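Enquirer: One structure, pasted below without further comment.
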Amino acid sequence: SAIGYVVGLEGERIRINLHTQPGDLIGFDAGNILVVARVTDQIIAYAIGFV
Amino acid sequence: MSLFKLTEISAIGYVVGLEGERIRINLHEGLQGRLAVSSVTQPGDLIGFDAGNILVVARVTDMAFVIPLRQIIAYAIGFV
Amino acid sequence: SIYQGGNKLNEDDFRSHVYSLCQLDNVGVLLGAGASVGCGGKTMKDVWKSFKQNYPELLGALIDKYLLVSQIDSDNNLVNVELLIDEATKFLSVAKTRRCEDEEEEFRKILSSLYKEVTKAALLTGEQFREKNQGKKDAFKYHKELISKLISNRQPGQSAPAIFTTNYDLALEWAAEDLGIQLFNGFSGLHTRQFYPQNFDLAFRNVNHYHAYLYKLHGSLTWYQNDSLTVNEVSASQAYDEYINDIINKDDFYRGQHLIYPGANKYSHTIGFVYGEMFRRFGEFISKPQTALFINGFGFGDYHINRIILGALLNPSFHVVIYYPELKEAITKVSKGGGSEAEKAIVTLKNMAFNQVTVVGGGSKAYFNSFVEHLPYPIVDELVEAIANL
Amino acid sequence: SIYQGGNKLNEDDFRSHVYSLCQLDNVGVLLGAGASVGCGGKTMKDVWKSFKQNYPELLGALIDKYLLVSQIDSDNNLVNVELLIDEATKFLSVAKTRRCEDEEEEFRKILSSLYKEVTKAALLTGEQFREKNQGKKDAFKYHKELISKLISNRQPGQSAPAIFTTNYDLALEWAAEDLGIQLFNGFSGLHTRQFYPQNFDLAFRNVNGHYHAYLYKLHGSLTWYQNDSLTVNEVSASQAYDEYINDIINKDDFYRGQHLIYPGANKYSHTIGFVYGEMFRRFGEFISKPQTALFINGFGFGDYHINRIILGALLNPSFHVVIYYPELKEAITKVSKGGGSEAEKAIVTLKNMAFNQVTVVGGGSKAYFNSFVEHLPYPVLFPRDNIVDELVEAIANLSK
Amino acid sequence: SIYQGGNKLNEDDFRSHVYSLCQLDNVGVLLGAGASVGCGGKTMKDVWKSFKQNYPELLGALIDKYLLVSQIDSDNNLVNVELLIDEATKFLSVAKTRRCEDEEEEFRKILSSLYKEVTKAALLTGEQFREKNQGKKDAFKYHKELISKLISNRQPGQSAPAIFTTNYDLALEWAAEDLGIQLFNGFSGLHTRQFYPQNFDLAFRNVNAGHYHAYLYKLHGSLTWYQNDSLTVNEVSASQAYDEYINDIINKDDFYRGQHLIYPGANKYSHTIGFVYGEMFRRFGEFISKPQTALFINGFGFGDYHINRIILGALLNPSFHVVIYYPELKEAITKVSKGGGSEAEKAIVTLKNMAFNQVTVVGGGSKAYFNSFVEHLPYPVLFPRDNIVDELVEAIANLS
Amino acid sequence: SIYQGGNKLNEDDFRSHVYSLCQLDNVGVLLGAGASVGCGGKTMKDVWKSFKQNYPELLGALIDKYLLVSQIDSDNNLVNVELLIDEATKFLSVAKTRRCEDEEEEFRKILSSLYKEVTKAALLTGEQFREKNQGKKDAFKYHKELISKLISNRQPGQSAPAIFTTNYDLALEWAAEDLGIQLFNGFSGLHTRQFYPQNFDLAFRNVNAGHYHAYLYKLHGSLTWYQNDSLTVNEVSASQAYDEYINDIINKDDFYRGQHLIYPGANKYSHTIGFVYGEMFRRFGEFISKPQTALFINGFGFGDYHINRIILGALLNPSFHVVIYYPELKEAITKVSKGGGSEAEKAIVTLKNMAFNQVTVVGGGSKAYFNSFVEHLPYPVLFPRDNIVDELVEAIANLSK
Ligand SMILES: Nc1ncnc2c1ncn2[C@@H]1O[C@H](COP(=O)(O)OP(=O)(O)OC[C@H]2O[C@H](O)[C@H](O)[C@@H]2O)[C@@H](O)[C@H]1O
Ligand SMILES: Nc1ncnc2c1ncn2[C@@H]1O[C@H](COP(=O)(O)OP(=O)(O)OC[C@H]2O[C@H](O)[C@H](O)[C@@H]2O)[C@@H](O)[C@H]1O
Ligand SMILES: Nc1ncnc2c1ncn2[C@@H]1O[C@H](COP(=O)(O)OP(=O)(O)OC[C@H]2O[C@H](O)[C@H](O)[C@@H]2O)[C@@H](O)[C@H]1O
Ligand SMILES: Nc1ncnc2c1ncn2[C@@H]1O[C@H](COP(=O)(O)OP(=O)(O)OC[C@H]2O[C@H](O)[C@H](O)[C@@H]2O)[C@@H](O)[C@H]1O
């Protein structure tokens with residue numbers, strides 16, 4: 001499944017383009033590393049760490 | 001044809017515009033692998049441009065869209 | 001132990017690297033005698049050991065009277081069984097030309113023995129060599145996957161894969177026939193098959209179904225030459241009925257300039273023409289842009305292949321992956337004075353200074369079966385037996 | 001001797017007509033049993049003669065008790081062999097159900113003996129059938145010319161020629177292999193060769209050639225056999241001779257399903273035959289395309305299916321046929337006197353049509369296979385103007 | 001009881017599955033003799049009872065002398081009726097050819113009784129067979145619904161529906177002539193009707209901008225087909241056939257001509273009659289070998305080896321779908337589980353046990369009948385479900 | 001005596017056909033050992049005749065003991081030099097391997113005296129080989145005419161002609177250096193000339209916007225090339241080569257040790273280090289695999305297996321045309337019909353009997369020589385007309401009677 005994709009990066013901010021509320025966590029498949037993010041407010045998210 | 005060969009360069013893009021301390025770069029798509037070996041695909045990195053006499057050092061700030069096209073914004077900090 | 005220019009890598013990075021390489025323009029594979037040992041094959045050391053303890057009554061003549069084999073190599077089991085046959089053929093031809101019966105009768109036994117040992121290890125199925133559907137068995141299970149996920153990966157508009165082989169057994173033909181694809185090897189016809197070099201530039205299309213290429217660098221069991229100065233090809237059953245059956249189950253007989261395996265009769269201008277074409281095609285393919293090469297089962301004991309491979313690394317778009325099992329055992333001998341030419345060559349590539357050579361070592365971790373799994377992924381029987389029941 | 005549209009035609013116009021008919025989109029040929037007489041073949045009359053010479057007691061059993069063949073018809077050699085095998089099979093099937101053994105054996109003998117004579121006439125070289133390089137001999141001289149002329153009259157963008165046949169012999173294959181051209185017949189592989197219906201849609205291409213054709217054998221081949229597993233395999237000539245042909249020819253073994261061929265009238269008796277249907281489907285798909293030409297040679301017009309298909313193809317106003325029939329005049333006479341055989345009526349009916357798309361050629365020995373190949377033209381490499389050169393000779397007529 | 005790959009699903013899922021299968025590239029229907037029992041027909045086991053109740057003297061000579069039928073099959077009413085007529089005709093032909101005078105009358109006396117029984121069960125209207133407008137009765141109400149539903153859900157640029165049947169009655173023709181649709185069956189003409197095998201590749205079009213036609217393949221013949229004195233096959237109307245040869249068969253007691261009729265699968269040994277039978281099977285085999293085919297089976301008893309072999313081999317294609325109706329699943333499952341029953345039961349249970357998502361089997365007695373089969377098919381939105389024409393027609397008739 | 005597709009055609013049609021073949025995209029020519037006979041050269045039969053009458057004891061040792069040459073073929077002059085060289089090398093190999101000493105030294109004399117006669121026959125001028133302006137003589141007129149006719153017929157935007165040869169002499173470079181044309185052969189430098197495979201793709205260009213050039217391929221080496229110990233091929237001039245390493249070969253005896261590279265043997269795949277030979281044949285095989293290609297063959301005796309195999313397999317392309325010159329066609333036809341004939345005679349007869357209009361064979365004895373071949377080529381037409389009024393003049397010309 002999926003909820004969207006990434007369209008741009010601005011400093012330390014992530015923009016997600018929709019095809020579910022503040023505080024939820026999301027993940028991005030980057031091959032050898034998985035990146036976890038936190039929703040703050042298209043939606044915006046920040047970064048916390050990697051697994 | 002003969003022994004002499006000159007060009008050995010591995011670039012990731014070329015300058016497409018200047019707007020008063022603001023640089024736009026269009027990223028190559030035909031490069032199967034940008035390995036020469038360093039990776040610069042993230043804001044906060046350092047890149048350099050060759051101008052024959054000096055090398056200009058810059059810093060990446062933004063990435064965005066618009067086989068789509070990708071763009072990069074950077075700012076200068078000095079030269080070597 | 002996985003190295004890249006002296007560094008080290010883990011499993012996941014290599015598994016991503018192999019996937020990245022498979023999406024290039026040109027892809028090829030080179031096999032050896034070690035890739036057929038899982039189906040009933042043998043190696044050079046094994047065949048030499050079998051020869052030593054079966055015919056010891058004439059091994060002295062090869063060292064004393066004629067000087068074809070070295071004592072140290074014989075004791076250490078490091079002989080090359082390909083050059084010896086060519087030298088024996090030259091000796092027999094000269095003796096026959098000079099009309100020396102005594103020496104002529106001596107050389108018809110050494111060849112009759114050597115061919116007898118060589119041919120036995122290549123049947124791969126005993127007396128079932130003359131039957132049909134031999135590629136449907138479980139022994140030939142991993143050979144099919146290689147073809148299946150080499151053809152599938154290629155996008156529309158891409159070229160066809162290439163397979164280079166040093167074996168002379170029918171391991172890659174039965175599997176391809178049972179899969180349902182066609183291999184181009186340079187022959188055409190049914191009632192009279194002949195060698196046409198220019199068939200290597202053909203491809204299929206649809207009027208409104210895939211293929212590959214197969215180059216044999218040392219010959220095959222189904223190739224021979226008749227009274228007419230042309231090279232023919234036959235099937236397994238016809239070959240067994242014609243000449244293969246008598247070689248194994250008879251005491252002593254020899255034909256002459258008849259067979260084309262393994263690299264035997266190179267002094268005839270009709271038989272060297274077919275050996276030269278494969279080498280020139282390999283050389284032309286190795287020097288193309290955006291190419292990859294996977295090597296498996298190769299002992300690095302051939303002088304010319306090493307020269308060809310080394311000279312092709314002057315270009316930046318040539319990638320090589322090697323599977324050598326006894327890596328550390330070679331480094332230990334390199335530390336001391338002794339060693340061998342193959343070991344010296346292989347250890348040199350380990351100490352290179354660029355990210356193009358990738359050597360993979362270990363124990364069972366680098367065999368043929370392990371190599372197949374690294375490549376990316378791509379009910380009839382019930383209906384068949386139901387119809388047969390009716 | 002030449003009729004087009006029911007009216008007589010001369011030779012000079014015929015040659016020009018033939019030339020312009022080889023430039024269309026689709027061209028094909030159909031060859032019968034008379035086209036292999038210049039290589040060593042035999043017709044159906046010779047089979048009957050050999051059978052009545054070699055087996056004198058089975059003929060008497062056929063004529064006296066079961067009354068399947070009349071004496072006067074046998075004397076004049078005017079008996080049809082295809083219509084006797086069906087009756088023999090019918091008698092055997094009836095006799096096997098009611099459990100009669102002595103009458104059952106006599107028909108197995110007849111069928112085996114009759115198949116044996118049919119097999120002997122399809123080798124063309126006797127005991128040399130198993131050798132190699134049989135296409136280098138002088139007998140197969142005009143087959144190579146036919147293949148070359150057909151394969152050379154093809155502009156880029158067009159389709160490859162198609163050849164249909166009803167023989168069991170390996171004449172076209174022998175001629176083509178000696179020439180270097182590859183033919184497609186539906187089989188693939190070397191160690192295990194099998195039939196694949198979707199292999200008829202393949203074609204060559206150049207990676208950076210253009211010389212091939214298709215072959216359809218409508219009535220089977222002498223090197224094919226079915227292994228009872230709903231699969232058909234193909235072997236070489238030497239392998240077949242070593243496997244089963246020698247036993248049939250020499251050891252007088254009782255006949256079994258060693259090789260699948262179709263001698264007989266009703267071809268639908270064999271229900272599990274799925275090659276005949278595919279072949280005839282491909283044949284029927286050919287004659288429904290616009291801008292098509294077809295040449296027929298060596299056919300006696302004695303098969304219901306083929307001349308039933310041909311008649312329905314003349315309803316398309318882009319289909320042309322040329323028919324070679326030697327004994328046209330003798331067939332014309334016997335129709336006005338009351339009527340001849342069923343084979344002599346179809347050709348007269350075709351001749352008397354009123355469309356300019358049917359051409360019939362007769363004349364005895366000048367409607368043969370060798371004469372047919374000579375009428376085909378060679379391609380012109382570099383064209384000319386013909387306006388400046390042809391007026392050079394215009395001066396001569398006024399100064400001579 | 002509904003199975004799809006060995007698992008059960010409810011009615012709503014089955015209806016949803018049926019809806020999705022009706023919008024594919026190819027759609028076909030194959031019907032049997034059980035679909036005409038609601039119009040006045042009889043099944044195959046209701047004819048043997050009548051034959052062995054009305055003619056108890058020939059039955060002994062048909063078992064003890066010629067061995068044409070087994071005692072076990074006769075006692076349980078499991079005799080293939082259409083597989084006996086062909087053998088009887090073969091016996092009669094052999095006896096006539098070899099001139100056994102005493103054996104001709106016996107086989108002329110049993111065929112006269114077999115035809116008299118098979119013919120009377122296919123009229124469907126008794127003596128109202130020569131009249132006109134037979135499709136207006138209430139017995140043929142669901143055939144019209146099936147035909148209308150098949151046609152009225154095809155988008156432009158798509159193929160036309162095909163119908164295969166093992167019957168030889170005139171139900172579908174009567175149903176189609178009332179709606180105004182035209183069916184193609186391979187014949188053309190009015191004063192001399194003839195069989196043309198090439199007219200199966202034709203379609204209609206409008207010269208101004210209709211698409212109202214279908215194909216009907218009859219696999220065992222028809223009541224209205226016969227072979228005249230010549231070698232051709234003709235078709236006539238119901239009244240002409242009744243006045244020509246049906247009345248004598250039903251009424252007269254000593255009437256038998258010879259190789260005249262073409263039902264059911266009788267005179268296959270003649271090469272001008274079996275040619276008709278072969279084409280239908282060939283075109284049936286050609287249809288189900290297409291990429292996106294869906295087939296519905298109803299009324300069939302699965303007693304034919306050739307059709308089963310054809311269907312089984314066609315399932316090794318990942319885009320072929322089959323739906324089967326058999327209202328006796330439980331009585332076959334128990335018998336196969338205990339010791340094993342008849343061949344049809346074994347075939348159906350083996351096909352049910354397959355773990356594919358392509359095969360679906362429906363049982364349940366009266367829930368899997370022909371009448372229930374229609375409602376499972378979708379109904380078009382724009383089809384007029386009202387009555388407006390009849391009132392105006394009656395008002396017009398009332399005038400004057 | 002001219003055939004096209006097995007039939008016969010006359011002279012006017014042949015000339016009209018030849019004119020049209022020179023207007024195609026790709027044109028080339030392959031020359032043999034008989035094309036240099038009018039300059040001073042000689043063939044292999046003359047080499048054998050010279051050998052037999054200067055080294056009699058060696059011939060006796062060859063016939064009596066080792067049984068390499070028969071007694072009858074020596075008198076009738078049917079010996080083949082290439083096979084003899086290959087057999088001598090094969091004998092020397094086993095002599096070295098078994099460490100026998102006397103026979104190893106014996107075979108060296110034969111193998112060294114056999115090359116000397118080959119080298120002497122490729123000078124074409126004797127003692128004047130080490131001199132300049134050799135192309136001004138009247139013996140090189142037809143070579144110059146051939147080069148001029150080949151170069152002049154090309155249209156702008158087309159490719160340059162290609163020339164292939166199997167001779168060691170310098171008859172074709174001397175002619176070109178007298179006209180001013182530049183020939184590319186894969187070498188660069190003056191004080192040190194080396195071989196580079198990459199410079200076969202070079203062409204001239206004018207800076208303000210030397211337009212005539214061609215290519216030369218030497219398949220069996222050259223008399224001026226030599227290999228140093230560094231496994232590299234170098235080139236010198238005629239005078240330097242004569243004064244440094246081909247004056248001791250002739251006047252002094254038994255001094256050949258790989259001095260200059262040549263391939264007089266039948267099997268040329270034995271040498272597994274030579275890459276010039278493999279480079280030339282790849283270019284040859286690539287040329288005949290293009291559409292709209294024409295080839296002329298003159299002086300070739302059809303006795304090489306590799307070339308014969310290449311030519312036959314290139315006839316399956318419907319855009320390839322060849323013309324073959326052969327003087328003794330009638331004798332070959334007569335001798336093959338008796339069931340015999342040499343291997344060389346079968347190849348030419350097989351080609352003559354094909355049914356394709358893309359093969360033409362020219363015979364006739366002296367009518368198929370080099371001078372006739374050069375004379376059959378056409379001259380360009382510089383200013384053509386639409387020929388719609390000139391043809392009217394031609395029609396009006398002669399009708400006063
Ligand atoms: N199960 C195995 N899986 C993978 N590799 C294996 C295995 N077993 C052994 N090996 C490796 O595979 C190697 C096989 O060694 P040899 O068969 O002598 O090498 P070749 O086939 O190149 O030699 C023949 C050709 O090479 C010469 O030029 C000859 O003239 C021939 O042309 C072992 O040493 C192991 O490293
Ligand atoms: N040299 C010749 N060239 C051409 N035609 C010739 C020649 N010599 C004779 N003919 C003519 O060739 C014809 C040969 O007559 P038949 O052998 O019955 O021809 P078929 O192949 O149709 O019959 C064979 C059966 O095989 C299948 O089973 C079909 O059912 C066929 O019935 C005559 O017209 C000769 O005049
Ligand atoms: N009202 C009904 N509605 C639907 N199905 C019914 C009904 N009544 C009975 N059935 C079912 O209808 C079926 C009765 O089948 P039968 O008419 O005997 O067999 P066939 O028509 O296939 O026989 C002809 C073929 O079989 C020969 O072997 C030849 O090969 C022929 O091709 C049973 O399933 C009944 O339960
Ligand atoms: N004046 C002439 N002009 C043209 N052709 C001539 C002339 N005189 C003779 N010929 C013909 O020239 C033809 C060839 O004479 P040969 O010396 O046998 O040629 P080859 O077959 O050895 O081929 C030469 C090389 O081939 C090998 O690979 C070696 O490298 C050889 O050096 C004969 O048919 C003559 O009739």
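To be explicit about the labels: the chains of the structure tokens are called A, B, and onward in the order shown, and within each one the residues are counted from 1, while ligands get numbers from 1 in the order they are shown.
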Would you please give, as an MDAnalysis selection string, all residues of chain A that DSSP assigns to strand (DSSP E or B) based on the backbone?

Expert: chainID A and resid 4:10 13:18 25:29 34:39 43:50

Enquirer: With only C-alpha atoms and all ligand atoms counted, collect every polymer residue having an atom within 8 Å of ligand 2; state the result as a PyMOL selection string.

Expert: chain D and resi 31-38+42-45+82+166-167+219+262-265+297-303+324-327+365+367-370

Enquirer: Enumerate as a ChimeraX atom specification the residues belonging to chain D that approach chain F to within 10 Å, with only C-alpha atoms taken into account.

Expert: /D:144-149,152,154,179-181,208-211,378-382,387-389,391-396,398-400

Enquirer: Can you pull out the residues contacting residue 69 (chain B)? Cut-off 9 Å, using only C-alpha atoms, and skip same-chain residues under 6 positions away; I want them as JSON, numbers by chain.

Expert: {"B": [26, 27, 28, 29]}

Enquirer: Which residues form the shell of 10 Å around ligand 1 when you count only C-alpha atoms and all ligand atoms, given as a ChimeraX atom specification?

Expert: /C:31-38,41-47,78-84,165-167,217-218,262-263,296-305,323-327,342,363-371

Enquirer: With only C-alpha atoms as the counted atoms, please give the residues lying no more than 9 Å from residue 121 (chain F), apart from itself and same-chain residues fewer than 6 positions off, as an MDAnalysis selection string.

Expert: chainID F and resid 40:43 47 169

Enquirer: Restricted to C-alpha atoms, what would the selected residues look like written as a CSV table (one decimal), in the first residue's frame?

Expert:
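The result, written out as part-v6.csv:
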chain,number,residue,atom,x,y,z
F,40,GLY,CA,58.4,-7.7,-63.2
F,41,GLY,CA,56.8,-10.1,-60.8
F,42,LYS,CA,56.4,-13.9,-61.0
F,43,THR,CA,54.1,-16.6,-59.7
F,47,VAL,CA,59.4,-19.9,-57.6
F,169,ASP,CA,55.6,-5.7,-53.4

Enquirer: Kindly determine which residues of chain D lie within 8 Å of chain C, considering only C-alpha atoms, and give the answer as a list in words.

Expert: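 That gives residues 132, 133, 174, 177, 182, 189, 190, 191, 192, 201, 202, 203, 204, 205, 206, 207, 208, 209, 229, 236, 237 and 239 of chain D for chain D.
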
Enquirer: Using only C-alpha atoms and all ligand atoms for the distances, tell me which of E:390, E:82, E:13, E:87 is nearest to ligand 3.

Expert: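 Residue with the minimum atom-to-atom distance to ligand 3: E:82.
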
Enquirer: List as an mmCIF file with N, CA and C atoms, in the first residue's frame the protein and nucleic acid residues near residue 13 (chain A), meaning an atom at most 8 Å away when only C-alpha atoms are counted, but skip any in the same chain fewer than 2 places from it.

Expert:
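As a result, selection_12.cif now contains:
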data_model
loop_
_atom_site.group_PDB
_atom_site.id
_atom_site.type_symbol
_atom_site.label_atom_id
_atom_site.label_comp_id
_atom_site.auth_asym_id
_atom_site.auth_seq_id
_atom_site.Cartn_x
_atom_site.Cartn_y
_atom_site.Cartn_z
ATOM 1 N N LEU A 9 12.065 18.709 -1.371
ATOM 2 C CA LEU A 9 12.751 18.836 -0.094
ATOM 3 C C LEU A 9 13.184 20.282 0.096
ATOM 4 N N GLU A 10 12.880 20.839 1.268
ATOM 5 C CA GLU A 10 13.190 22.238 1.584
ATOM 6 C C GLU A 10 13.848 22.266 2.961
ATOM 7 N N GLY A 11 15.177 22.271 2.977
ATOM 8 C CA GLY A 11 15.902 22.261 4.230
ATOM 9 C C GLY A 11 15.710 20.965 4.987
ATOM 10 N N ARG A 15 7.683 17.218 1.678
ATOM 11 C CA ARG A 15 6.370 17.441 1.085
ATOM 12 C C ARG A 15 5.887 16.141 0.462
ATOM 13 N N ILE A 44 3.147 17.849 5.522
ATOM 14 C CA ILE A 44 4.534 18.103 5.876
ATOM 15 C C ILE A 44 4.951 17.131 6.973
ATOM 16 N N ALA A 45 6.232 16.770 6.963
ATOM 17 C CA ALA A 45 6.775 15.864 7.962
ATOM 18 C C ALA A 45 8.239 16.192 8.206
ATOM 19 N N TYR A 46 8.727 15.779 9.368
ATOM 20 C CA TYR A 46 10.123 15.916 9.760
ATOM 21 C C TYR A 46 10.739 14.528 9.884
#

Enquirer: Can you tell me which residues sit at most 8 Å away from ligand 4, counting only C-alpha atoms and all ligand atoms, written as a VMD selection string?

Expert: chain F and resid 32 to 38 42 to 45 82 166 to 167 220 263 to 266 298 to 304 325 to 328 366 368 to 371

Enquirer: Produce as an MDAnalysis selection string the set of residues near ligand 3, where near means within 9 Å with only C-alpha atoms and all ligand atoms considered.

Expert: chainID E and resid 31:38 42:46 78:83 165:167 219:220 298:307 325:328 365:366 368:372

Enquirer: Residues of chain B within 6 Å of chain A, counting only C-alpha atoms, what are they? List them as a list in words.

Expert: residues 62, 63 and 64 of chain B

Enquirer: Need to verify the contact set: residue 285 (chain D), 12 Å, only C-alpha atoms, exclusion of same-chain residues closer than 4 positions in sequence. Can you return it as a PyMOL selection string?

Expert: (chain D and resi 278-281+289-290+292+309+313) or (chain E and resi 198+201)

Enquirer: How would the residues just picked look written out with C-alpha atoms as a compact mmCIF listing (two decimals), in the first residue's frame?

Expert:
# COMPACT_ATOMS: atom_id res chain seq x y z
CA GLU D 278 -3.88 -26.79 -38.81
CA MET D 279 -2.41 -27.27 -42.29
CA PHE D 280 -5.77 -26.80 -43.98
CA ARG D 281 -6.62 -23.81 -41.78
CA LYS D 289 -6.32 -12.10 -48.95
CA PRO D 290 -6.47 -9.39 -51.63
CA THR D 292 -3.12 -13.02 -54.55
CA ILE D 309 -11.90 -25.06 -51.43
CA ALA D 313 -12.05 -18.72 -53.63
CA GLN E 198 -16.70 -20.60 -46.62
CA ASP E 201 -16.56 -15.79 -42.36

Enquirer: Residues at most 10 Å from residue 216 (chain C), counting only C-alpha atoms, excluding those fewer than 5 positions away in the same chain, as number ranges by chain?

Expert: C: 163-169, 185, 274-275, 278-279

Enquirer: Point out the residue among B:6, B:15, B:1, B:23 with the least atom-to-atom distance to residue 58 (chain B), counting only C-alpha atoms.

Expert: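 The shortest atom-to-atom distance to residue 58 (chain B) comes from B:23.
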
Enquirer: Please identify the alpha helix (DSSP H) residues within region 120-275 of chain F (assignment by DSSP from backbone atoms) and present them as a PyMOL selection string.

Expert: chain F and resi 120+141-152+171-177+238-244+248-251

Enquirer: May I have the residues of chain B within 12 Å of chain C, counting only C-alpha atoms, written as an mmCIF file with N, CA and C atoms, in the first residue's frame?

Expert:
data_model
loop_
_atom_site.group_PDB
_atom_site.id
_atom_site.type_symbol
_atom_site.label_atom_id
_atom_site.label_comp_id
_atom_site.auth_asym_id
_atom_site.auth_seq_id
_atom_site.Cartn_x
_atom_site.Cartn_y
_atom_site.Cartn_z
ATOM 1 N N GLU B 8 38.373 13.601 -18.991
ATOM 2 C CA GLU B 8 38.051 12.675 -17.904
ATOM 3 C C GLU B 8 37.316 13.488 -16.842
ATOM 4 N N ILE B 9 35.987 13.479 -16.899
ATOM 5 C CA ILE B 9 35.173 14.283 -15.992
ATOM 6 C C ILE B 9 33.869 13.545 -15.723
ATOM 7 N N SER B 10 33.429 13.576 -14.464
ATOM 8 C CA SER B 10 32.181 12.943 -14.030
ATOM 9 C C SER B 10 31.328 14.012 -13.354
ATOM 10 N N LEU B 31 23.180 9.412 -16.986
ATOM 11 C CA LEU B 31 24.256 8.809 -16.206
ATOM 12 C C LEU B 31 23.723 7.584 -15.473
ATOM 13 N N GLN B 32 24.154 6.396 -15.905
ATOM 14 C CA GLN B 32 23.744 5.169 -15.230
ATOM 15 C C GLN B 32 24.249 5.148 -13.793
ATOM 16 N N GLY B 33 25.496 5.560 -13.586
ATOM 17 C CA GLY B 33 26.056 5.668 -12.254
ATOM 18 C C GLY B 33 26.987 6.855 -12.129
ATOM 19 N N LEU B 35 29.203 7.370 -10.024
ATOM 20 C CA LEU B 35 30.479 7.033 -9.413
ATOM 21 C C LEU B 35 31.630 7.381 -10.351
ATOM 22 N N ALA B 36 32.748 7.790 -9.760
ATOM 23 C CA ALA B 36 33.927 8.165 -10.533
ATOM 24 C C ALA B 36 34.796 6.947 -10.829
ATOM 25 N N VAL B 37 35.379 8.877 -5.477
ATOM 26 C CA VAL B 37 33.953 8.584 -5.553
ATOM 27 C C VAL B 37 33.219 9.203 -4.369
#

Enquirer: At most 9 Å is the cut-off: for each residue in chain C with any atom that close to an atom of chain A, write down the nearest atom pair and the distance in Å rounded to one decimal, counting only C-alpha atoms, chain first then increasing number, as CSV.

Expert:
residue,atom,partner,partner_atom,distance
C:12,CA,A:32,CA,7.2
C:13,CA,A:32,CA,7.9
C:16,CA,A:31,CA,8.5

Enquirer: What is the distance between CA of residue 94 (chain F) and CA of residue 255 (chain F), in Å to one decimal?

Expert: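 Rounded to one decimal, the two atoms are 22.5 Å apart.
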